[PDB]
Amino acid sequence: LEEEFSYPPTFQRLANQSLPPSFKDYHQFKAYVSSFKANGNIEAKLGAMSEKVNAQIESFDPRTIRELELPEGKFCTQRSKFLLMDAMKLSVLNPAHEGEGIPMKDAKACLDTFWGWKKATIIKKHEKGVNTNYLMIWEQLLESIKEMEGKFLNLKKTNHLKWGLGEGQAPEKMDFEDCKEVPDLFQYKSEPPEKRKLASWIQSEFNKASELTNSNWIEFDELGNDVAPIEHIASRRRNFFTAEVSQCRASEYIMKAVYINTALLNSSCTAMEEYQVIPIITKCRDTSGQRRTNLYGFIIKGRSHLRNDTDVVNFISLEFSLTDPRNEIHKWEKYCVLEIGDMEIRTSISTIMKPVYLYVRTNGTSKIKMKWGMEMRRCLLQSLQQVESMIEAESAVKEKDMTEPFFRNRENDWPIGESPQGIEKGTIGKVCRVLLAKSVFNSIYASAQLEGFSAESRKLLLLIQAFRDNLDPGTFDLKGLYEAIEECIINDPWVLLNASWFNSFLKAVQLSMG
Amino acid sequence: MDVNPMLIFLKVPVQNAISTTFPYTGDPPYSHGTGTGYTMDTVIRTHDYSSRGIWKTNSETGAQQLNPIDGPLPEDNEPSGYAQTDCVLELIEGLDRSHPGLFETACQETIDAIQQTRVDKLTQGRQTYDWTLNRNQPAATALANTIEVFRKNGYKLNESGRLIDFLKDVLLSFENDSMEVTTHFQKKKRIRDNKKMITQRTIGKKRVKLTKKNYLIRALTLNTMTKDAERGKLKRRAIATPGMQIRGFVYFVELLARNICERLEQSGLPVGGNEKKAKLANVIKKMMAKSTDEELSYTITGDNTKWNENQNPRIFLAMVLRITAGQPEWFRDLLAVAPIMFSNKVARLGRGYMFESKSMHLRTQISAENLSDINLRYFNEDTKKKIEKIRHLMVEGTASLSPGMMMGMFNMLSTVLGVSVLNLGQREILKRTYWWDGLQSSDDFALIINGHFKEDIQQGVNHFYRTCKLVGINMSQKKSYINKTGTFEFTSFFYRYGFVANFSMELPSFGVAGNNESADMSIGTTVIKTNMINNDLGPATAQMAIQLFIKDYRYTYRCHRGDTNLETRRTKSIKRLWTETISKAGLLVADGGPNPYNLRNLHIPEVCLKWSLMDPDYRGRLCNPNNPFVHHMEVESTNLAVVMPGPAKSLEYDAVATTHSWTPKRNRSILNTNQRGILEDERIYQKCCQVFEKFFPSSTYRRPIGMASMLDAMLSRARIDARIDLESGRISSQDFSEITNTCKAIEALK
Amino acid sequence: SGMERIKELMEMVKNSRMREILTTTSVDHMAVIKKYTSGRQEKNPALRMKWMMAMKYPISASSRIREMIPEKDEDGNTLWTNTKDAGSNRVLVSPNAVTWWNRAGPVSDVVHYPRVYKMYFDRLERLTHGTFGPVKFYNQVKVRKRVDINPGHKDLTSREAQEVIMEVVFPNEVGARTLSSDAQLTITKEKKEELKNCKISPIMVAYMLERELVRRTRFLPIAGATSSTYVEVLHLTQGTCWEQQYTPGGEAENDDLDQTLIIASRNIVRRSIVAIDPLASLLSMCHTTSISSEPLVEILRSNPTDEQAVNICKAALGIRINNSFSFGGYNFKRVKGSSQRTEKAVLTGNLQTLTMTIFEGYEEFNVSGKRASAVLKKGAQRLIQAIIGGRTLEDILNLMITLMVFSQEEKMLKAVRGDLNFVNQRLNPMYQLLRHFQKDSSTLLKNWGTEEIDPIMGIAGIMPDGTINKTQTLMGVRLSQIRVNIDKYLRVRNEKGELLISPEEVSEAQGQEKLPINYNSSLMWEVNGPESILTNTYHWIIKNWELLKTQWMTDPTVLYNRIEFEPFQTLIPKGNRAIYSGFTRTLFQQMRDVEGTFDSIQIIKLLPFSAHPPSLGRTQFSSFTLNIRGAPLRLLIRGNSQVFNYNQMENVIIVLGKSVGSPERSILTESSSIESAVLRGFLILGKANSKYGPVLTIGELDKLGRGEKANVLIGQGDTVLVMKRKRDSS
Amino acid sequence: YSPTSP
RNA sequence: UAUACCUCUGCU
RNA sequence: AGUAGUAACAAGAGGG
Ligand SMILES: [Zn+2]
């Protein structure tokens, strides 16, 4: 009975070269370790080391510190996959449920509610694009819808459509031997993104996402019957949550996202070579109870041989709107806006005549981005469990279910915005819809910039909280922390607004204190 | 009014509204293209932090190897890897004094594992770099491949079946000077067809002998790639994959480090979330009980910058040898293998780069091997510069990386180093006006410093900070901060006089897992359940989380309820089942049935929950053990999924095996490559194991042990099974001879 | 048969490819090639499934599916194709194939499946037969603790279960080992009988048995019962701010019932001590309290638990203490002391280890066994004295042997020879020492030792040889030929008037209950546990602060003696209650004497420490100690601490991390340079000033003169200027 | 419950 | 060289 | 064009 394990000569020689510098042999170093005994080694070297190696505590006062620097540049453009506040719906009254009926049949039904179309004209060019291709694509689509007979619609690969969907734009792949000597063979552009300046529209968009609407946008599937008393309590509270969230504008964006990304992913997978039309549909229930089918526009899917999870599908989005693009032209850099008709609109006691625009743009997405768009309903969970924890925290202290007081009274309110008058407070329902909008916009505008800004600025927020808790906070390299934050504020509209929100918050804290 | 969610923090403390700072409902960042740019950054940065060290060229590989340890003490706060051997040993000794017998029983437990561990154990685990193919492969294939190439050369000790013998073969294999390997290449034949001649792609294999350098370089190679889906970071970073030669040695080192950490109160590893919070609650409880009413307490929310880059294989060799002092020298030298290979490690530089010509509209790929040869006119300045420095370190396609460590190589021994610094803060060791304790896991730490006055705290911070520097640990001054004990942060746990909830951390786990209809339902209901317990998921939101998961589950698997007006590829067949069924409430959701779940039943699997309500014939079909949809796996991998919060852990779920326990189709891209044949090998191997399991049914539960042949064992079993099946049973006399004749016929075929 | 399996083997051995593999690769190596695959572990399965469920044929299935279900269903859907899945001979298949099977496939017999899946179906049984009570809303304290998550774990090790599983499902392929315990045998025979002829994969049987038998634990935050069946329904029974009262179907195990009977009785006794009429309070709580929704008084009537607090409760109810037991044939009856128990293990002279349940504390037994009797005096592993008589010397000696073993002395353990093995009921280890020494005691008496004694008439000694000696005897051995009452203050005494059980002696140790306790008492706060006492007490002060503030000013002694402060007093160590009250009451009256300085937060903080008759000592305190779950916690007198934390940012008082309520916003803008109510007979003036000399500790403040100022280390690293005021306080 | 906003 | 087609692949 | 963001996609490979 024995056991053996030894180094052959090759490894023995590697063993000898993987030691601290002062040792010539592995057997030697193994003996130094087996016999070592500490005799003030750390204290000695600590006396020897330069006293420039230190961590000086600089105390942290949020009255001392500055606002984050936001970048300068051209203004940030819209970059969502679909229109938000600027969207316009053609709709029909329809008993159909939250996903029933043939999409293109529904779409044609919605079109057939609107007359007063026009010969289309370009009213705002996509400066970097061949705008008459956008014009011809709309007309091609409109006539192909007219002439379709089936469940799905595949457009012919015309020149104007091939262009808008980037057909053939991939450089042809060669072996390096065959192209070694080309002069302008360079490595792909790999600069950091160009900076951009904060613009009005993203704050406006968020205000509208936080509002209530007249329609229930989200239908919920069934639960098992309630039995436990806590389940009855839960369903009571879930009633308040459901209406507050289903009727919020951000939930409409959720359902637009879930529909578009679901339709794109499925068509991307099954119709890889077809230019397939996808109508932008939502179903909703009015507060009056009427069920309704809405049509926002159309999407033309390009080829979709998606292999890697980042691979791109090019698509064209053709979306109705009453918004005049010229009033905010920096918002629409990527779009070519057409004027396609005129609409008679009811008011209180007068009919108004407004022109109908078509926001057109080329765009792209990926399997990973589509996957996360299909899952955007989890935004509901982010807001609601924060709300429910607030209701539950008081319920613990008050020792009663504070659900009904919070939603029906207004004795409890929280700061959630600023007007010229100053800091405005809101009810728990408003808080719910603001946090829902925040979570929905994190999903619409996901970006590495947001990831970096959120994680690093969380540290600065916690430092501010420590001071306000009277816990005597201290930093080591506060300047480096600001750099880690500001490094992430490059060009994204949503991150720029969050950076601004932090400054507004910092400023509001400084006032109430000193 | 302009809405600003941040203004909530005016009233609600940041910890109690922390969910609003986690944007985890959007797709996380992904890398496109190569990680070669990042591997070079890591290799370059690692040497910079160690640049004042001592360069030397390796006898066996020719790679330039920087050694910074016992080098000049640092003189700035920049990241430094100038760890002092004697200071590490003093800390490791202090750990031995404070925990008598720990090292002993830790080594003994590891001794017992080494003696009992079989070669099988390396079939388990994450992917591994395969030197047979210069690519990552599943752990089991890399193991089979190395054993195959070892067998074809002169190495077969692992024939015993015990892992230490495979490890001996690995070290014996470095002496070879002509290691032979088979590659595969595409051959283009021409054949006639009824009446033209068409080209035919086929695959041939060719033997290649390797230099002594070649094999050594390959055996010391660690793959690299970019880490995707990482949260909280603007910029991507590189990650590494160990190879087959080092794996088995790493297993036993980490096993020692694990047995140490299991018994250290200050280690966050390897315990789970709730136990981490208990361990943190204990040192606060302990620090407060050991202090007077006169004393102070501050807490560092701590992060160590450049954590892997500034730890050292040589220092790990010191740790291992000190932790194993007084143990058999074979066991000390066995564990010392992995640190040594890590000191002479070499990093693959990745895919390479892609170039582009706008005038000519073409693209081309270039290997990382070509970065030595190549003109630098193609590259931008930053990349050019990176290539200028990496060339000095380049060795046969790889870059030498003696100092430092890379994320994904090594797990728990670096925490033992950090803990040893925490352990130095005992009152009875420091005997100053200050003292400290805390918890640590990898680069994250929470440190509690107590003292008589605020200036005592400063002394302790500097003493902690500088002692950490003396062993290559660099506390981030940008990302660490300090405040009076009461609030802190630790691996996204938020303490505010007690740990509070961080539910948004878990948001990505709410959804359809993508295993199958059976596993997903159990996984989904359980995610909701454990968050109600562990992260303050309120009952109303949890109810809605059920509603949303059912919606997502129904759409994903096109299994809407049998009375819907929706139209999918599955509605008609599900409609048939619906009208034909008497007790609809018994139909699973995946079969057009209703959702049974509320708060009270999240812990009951669906089939179990609906059993009483099922039509007998539906239930008999659903759970029919003869159905062709299930993969009859091993017991150890039954009801297992893989999930990513850590590296990549396995998630066990509770479910009845049904027709819904199916597996999705395999990826087929390999059919267009030289590796095509691997599919046939797998096809052959599977039938061999399928027939063996008819003679050894228990092999699906407990791996069988034995040096005999698979065929001889089956034959031995066939003879005696036929024996008792007749001698004292219910099989005829002529049949006994009918079987044993076939065993004789088989025995003749050798 | 075994006929078609050897047939297919030969057909495989025909193939040179397979015969190569089947001969070259060993059994050891087959585990490696079994897992040889091109397929990676899917990194993003959620994505891939959404991508793949859009395809026509995303499911792989055994090729024999093509013989079992049609190529096309009645609606025209293609159900299977001939495309082979990569790496196997399975074919790609549509989800419609799964649905067809479930509505038109072959039916099988599965009615015994609940027996294979018992671990799952037991969960549904507990829930189906469970009972719901009301929901209470209150701050819910949750202690992170390792607990069982596998109710019904027929407790075995992993290897033991592997032996069982093999015997049941793979009987012919068992290894060399055998079934070692009666646990492993009865389980194996029950499982073999229950799972008989159940058409299901043996792999699934092996799996479910593995999950069922082995104990599994987890760290989980738990409020209330820790029993496995309550751990199983944490999601349903507790949230952040609510408790859902619930009782799982099935019966509580006696271990659990005993463990929480002790906790409940200790808490009832601890509460009664501090009330005016303890015996009346104890009786009130006994009649209102329930365990697992069973009334406490009927538990006590039928529970044999022998513990001090339980015995005080049984005494108050007039029911007999479990005072006695029988061992070795003789009946032991304890007449003085108490049995504090400790399960540990010790070595013999044979170097064999044994898991004993050694008893602690000075005990006193009257022992009798029909032919002999004895008075025993015992300590922890110490025979202090045994006075033995009997009809026969043989009978006397046998009782002596039994007492020398019942003592658990080290002398007698060192004197054991050989291994201890007796029986097929195997007797517990106290009898293993007895039956050993009953059949031979030669070394026991030689090692026991001998002592000299004074000659007393009626007393004689006994030597190791067996002779009677008047002045020599074996150590501690001499040879020679209950109605209980309980008083108002819960002192339990015998007919003679001697003290049997004292409430002050009751074990201070706490611990979390295994089953829910519901006191249903006005003397008890809503929730169980000490954290609840703290939170509820300071919550009650904030809710009724205005009433209590004027009650502080006008009639203070009525405020101090409120009965809502009594639970708080159980957390204060007995000895400290009086002096803490004197320190507190003095500190308040200073705030009344020194006009201007008024601190509502300081009052609320220290108010519960008033509720005890104060002592007149003049000592100082920088904190009060509170016993919370066995650990002392220190509530600082000056400023915030873990126990009490006023957070001005929230305007909330935080008690052990839990918000206890918001004080009036008046108290945010409330301050004064001078602080009364911190030091007895001193005043805090402000920041430290070196003009008044070096810094002092609080223990060194006695040296100051009436009026002189000084610098003091008052707490939390602060240094402060202090004057000794001239007139004192009531 | 019908939510409302000013 | 251009234009049709045809086959395999969609994490390998 | 567009996606995108420190490097890629804008089909790859083959029937040469
Ligand atoms: Zn649905």
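As a basis for the values below, the full set of heavy atoms in this structure was taken, side chains included, without hydrogen atoms, waters or symmetry mates. Chain letters run A, B, ... following the sequence lines, proteins first and then strands; every chain starts at 1.
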- [ ] Please state how far atom CD in B:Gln365 lies from atom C1' in F:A13, giving the value in whole angstrom units.
- [x] 15 Å
Open item on the list: Distance alone, cut at 3.5 Å: any donor-acceptor contact between the side chains of A:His305 and A:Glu273?
Closed with: yes
Open item on the list: With heavy-atom distances below 4.5 Å as the criterion, would you say the side chains of B:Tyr129 and B:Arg348 are in contact?
Closed with: yes
TODO: Would you mind calling the pucker of F:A11 north or south from its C1'-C2'-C3'-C4' torsion?
DONE: north
Open item on the list: Within the structure provided, determine whether A:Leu84 and A:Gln78 are in side-chain contact (heavy-atom separation under 4.5 Å).
Closed with: yes
Open item on the list: Would B:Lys205 pass as a cation-pi partner of B:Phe185, given that its NZ or CZ must be under 6.0 Å from the six-membered ring centre and within 45 degrees of the axis?
Closed with: no
Open item on the list: Does B:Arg676, at its CZ atom, have more than 12 non-hydrogen atoms belonging to other residues, nucleotides or ligands within less than 6.0 Å?
Closed with: no
- [ ] Scan A:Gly168 against the nucleic acid and name what it touches under 4.0 Å (heavy atoms): base, sugar-phosphate only, or nothing.
- [x] sugar-phosphate
TODO: Name the nucleic acid region contacted by B:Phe355, choosing base, sugar-phosphate or nothing; use a 4.0 angstrom heavy-atom cut-off, strictly under.
DONE: nothing
Task: Heavy atoms of other groups near B:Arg192 CZ, more than 12 under 6.0 Å - done: no
- [ ] Please report, rounded to the nearest Å, how far the P atom of F:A7 is from the CE atom of B:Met40.
- [x] 8 Å
- [ ] Determine the sugar pucker of E:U9: a positive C1'-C2'-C3'-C4' angle counts as north, a negative one as south.
- [x] north
Open item on the list: I'd like to know if the side chain of C:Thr37 pairs up with that of B:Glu682 as donor and acceptor (distance under 3.5 Å, no hydrogens or angles considered).
Closed with: yes
Open item on the list: Using whole Å, what does the distance between atom P of nucleotide F:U3 and atom CG of A:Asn261 come to?
Closed with: 16 Å
Task: A:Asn314 CG - F:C9 P separation (whole Å) - done: 13 Å
Open item on the list: Checking one value: the base orientation of F:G5, syn if chi is within 90 degrees of 0, otherwise anti.
Closed with: syn
TODO: Identify, between A:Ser366 and A:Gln187, the residue whose nearest nucleotide on RNA chain F lies closer to the 5' end.
DONE: A:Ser366
Task: Separation of atom NE2 in B:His361 from atom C1' in F:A10, rounded to whole Å - done: 8 Å
TODO: Would you mind classifying the nucleic acid contact of B:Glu356 as base, sugar-phosphate or nothing, using non-hydrogen atoms under 4.0 angstrom?
DONE: base
Open item on the list: Please report the distance, rounded to the nearest Å, between CD1 in A:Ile316 and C1' in F:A10.
Closed with: 13 Å
TODO: Answer with base, sugar-phosphate or nothing: what part of the nucleic acid does B:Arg363 contact at a heavy-atom distance below 4.0 Å?
DONE: base
Task: Nucleic acid footprint by protein, nucleotides 4-12 of chain E - heavy-atom cut-off 4.0 Å, B for base, S for sugar-phosphate alone - done: ----BBBBB
- [ ] Measure from NZ or CZ of A:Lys367 to the centre of the six-membered ring of C:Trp51 and say whether it is under 6.0 Å with the direction within 45° of the ring axis.
- [x] yes
Write out a two-atom table: protein N or O, nucleotide N or O from nucleotides 4-6 of chain F, distance below 3.5 Å.
residue, atom, partner, partner atom, Å
F:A4, OP1, A:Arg79, NH2, 3.2
F:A4, OP1, A:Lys81, NZ, 3.3
F:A4, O3', B:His32, NE2, 3.4
F:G5, OP1, B:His32, NE2, 3.0
F:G5, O6, A:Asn491, ND2, 3.4
F:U6, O5', B:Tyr38, OH, 3.1
F:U6, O4', A:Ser190, O, 3.4
F:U6, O2, A:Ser190, O, 3.3

Open item on the list: Looking at B:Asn370, I'd like to know if its CG atom is crowded, meaning that more than 12 non-hydrogen atoms belonging to other residues, nucleotides or ligands lie closer than 6.0 Å.
Closed with: yes
- [ ] Answer syn or anti for E:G10, where the cut-off is 90° from 0 on the glycosidic torsion.
- [x] syn
Open item on the list: Mind checking if A:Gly166 touches a base, just sugar-phosphate, or nothing, with heavy atoms under 4.0 Å?
Closed with: base
Open item on the list: Tell me the interatomic distance from B:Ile366, atom CD1, to F:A7, atom P, rounded to whole angstroms.
Closed with: 12 Å
- [ ] Side chain of B:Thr199 only, please: which of F:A10, F:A8, F:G15 is the nearest?
- [x] F:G15
Open item on the list: Quick check: A:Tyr359 with A:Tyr134 (ring centres under 6.0 Å apart)?
Closed with: no
- [ ] Round to the nearest Å and state the distance from A:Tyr188 atom OH to F:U3 atom P.
- [x] 17 Å
Open item on the list: Closer than 4.0 angstrom, basic N to acidic O: yes or no for A:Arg196 and A:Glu194?
Closed with: yes
- [ ] Check the surroundings of atom CG in B:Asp382: do more than 12 heavy atoms from other residues, nucleotides or ligands lie under 6.0 Å from it?
- [x] no
Task: Distance below 4.0 Å between B:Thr34 side-chain N/O and F:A8 OP1 or OP2 - done: yes
Open item on the list: B:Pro664 and side-chain contact (heavy atoms from CB on, under 4.5 Å): which single residue from C:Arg48, C:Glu42, C:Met52 fits?
Closed with: C:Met52
Task: Stem list, RNA chain F (Watson-Crick or G-U pairing under 3.5 Å, at least 3 consecutive pairs) - done: E:5-9 with F:11-15
TODO: For B:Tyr353, report the nucleic acid contact type (base, sugar-phosphate, nothing); a contact means any heavy atom under 4.0 Å.
DONE: sugar-phosphate
